[PDB]
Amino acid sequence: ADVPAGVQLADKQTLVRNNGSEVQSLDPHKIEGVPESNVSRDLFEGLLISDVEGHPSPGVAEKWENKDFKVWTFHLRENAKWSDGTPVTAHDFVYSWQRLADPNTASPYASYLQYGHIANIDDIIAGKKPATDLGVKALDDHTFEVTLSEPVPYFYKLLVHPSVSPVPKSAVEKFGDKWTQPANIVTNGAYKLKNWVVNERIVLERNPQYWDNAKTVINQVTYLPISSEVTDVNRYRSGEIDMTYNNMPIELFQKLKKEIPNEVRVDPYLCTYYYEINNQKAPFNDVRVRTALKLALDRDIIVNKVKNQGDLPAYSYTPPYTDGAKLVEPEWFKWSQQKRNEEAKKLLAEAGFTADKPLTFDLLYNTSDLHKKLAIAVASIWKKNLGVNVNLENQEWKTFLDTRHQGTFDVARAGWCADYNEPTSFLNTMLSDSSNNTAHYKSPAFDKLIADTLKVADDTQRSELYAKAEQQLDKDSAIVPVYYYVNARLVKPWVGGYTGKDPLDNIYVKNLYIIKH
């Protein structure tokens, strides 16, 4: 943390953050969500980290070079250490990236190594080559070299993500899936795990071995698993919580803007809220059904009437303000809602649906007052506008993600937030073989458009190709875009170091500080 001259620090440097839900895991290779990544950034540090404004910056790697954007060489700082005092080496990164690639690990982020195009990843994921053939090597203890199969100019931007953080081989091998228990875990970020009580709290304490420990200010941070946004706000206002999770309750938000304006932080965020359709399950394998659902949802009602927290109605998957996004707003988005409704009804009528045999299906969402209220509104809108019946189902976060991966669903609420600020951070998740493809969408045409983006060596052709890839997804109605999120949360006046300038919201508790109050 960089405490401004003149600021008086509180005697007790502790923080309590709400984290939305119980985490899937603390193992960097078994996680895929925001709550998971929030804790992961305090515990495991990769090659690069985001600074306080979100810029990719030195993590374990103090400096790096690239040759033709294909061979990346990272020079690891000599004093990088794990919490048990042992050095973090390039060998840790080699083991870690191989474990991520290995199909036996079954990481939801196995495809992150395909997104960066590390050599031999496709064959490794497919079981054709052993994970040890991955294009990574330790040239020495302090030098990690990555070899890609094609030039990727934005490659280093990927490296702040939890999936490419190092994990400690000896703990993994000795304790297997209990390696992340407090008595066994070993970490290399600014914090160490002190306590983990499922559905109660995660307590982290400062890691004295961290290389940049002298600049850490907060001594302990607690992450809570509260999925009710109302309850989060209540425990924030009671004094327990210093920073709410960044999901805000429809019940109270308008009142909060008037009551504590200075604490209501609202900043740009590269995330899209959408209804994920299971594209491989009848009748959602019919483009007419998906298109009907996409058109009949009234975003103006949802975004401006129901939620009204500053979100913008969405017509694409990639947020339009992602760096490199130059998207074409589809003609249906300019139509009137009535015109969208007629087209929708026409398509469903063409798909075989009638008043006597209507379309009925489930709408799965992770427990939350916000998603429940939005799903109830969407259900009402779809019933009224298109004559469809939906059965709402809530599931806790970890179960909910497993259901979407399993494909044991019809339509699910969804939100994707960028991992690096570039259109492929979104677009790569709709690749037929992506480990992040919970839409179960498989388009050879879409796949080809993205493969072509690194076959050209310039940004304008690349941006036009991303635009076309979005048009292909839209043409297929793979999803139902709802809104682009804003990052809205409450932060007490005494929490310093949180700018709100990072559109990825990659917060590190090592950058924060408690102002005397």
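Whichever C-alpha set is largest while still superposing within 1.5 Å between the two forms counts as the rigid core. Note that residue numbering begins at 1 and tracks the sequence as displayed.
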In 8 other deposited structures of this protein, superposed by the rigid core, which stretch departs further from the shown form in CA positions, 455-463 or 56-64? 455-463
Between 128-136 and 399-407, which one strays more from this form in 8 other deposited structures of this protein if you match the rigid core and compare Cα atoms? 399-407
If you average the CA temperature factors as listed in the entry, which stretch comes out higher, 458-466 or 487-495? 458-466
So, looking at the entry's B-factor column for Cα atoms, which has the higher mean, 86-94 or 355-363? 355-363
Reading the B-factor column for Cα atoms of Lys326, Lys257, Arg413, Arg237, the highest value belongs to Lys257
Which of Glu251, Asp419, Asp232, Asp242 ranks first by CA B-factor in the deposited coordinates: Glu251
Position of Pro168 among the chain's modelled residues by C-alpha B-factor, lowest, middle or highest third: middle
Is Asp300 in the lowest, middle or highest third of its chain when residues are ranked by C-alpha B-factor? highest
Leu43: C-alpha B-factor third of its chain, per the entry, is the lowest
For the chain shown, is the CA B-factor of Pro268 in the lowest, middle or highest third of its modelled residues? middle
Within this chain's modelled residues, let me know which third the CA B factor of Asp452 belongs to: lowest, middle or highest. highest
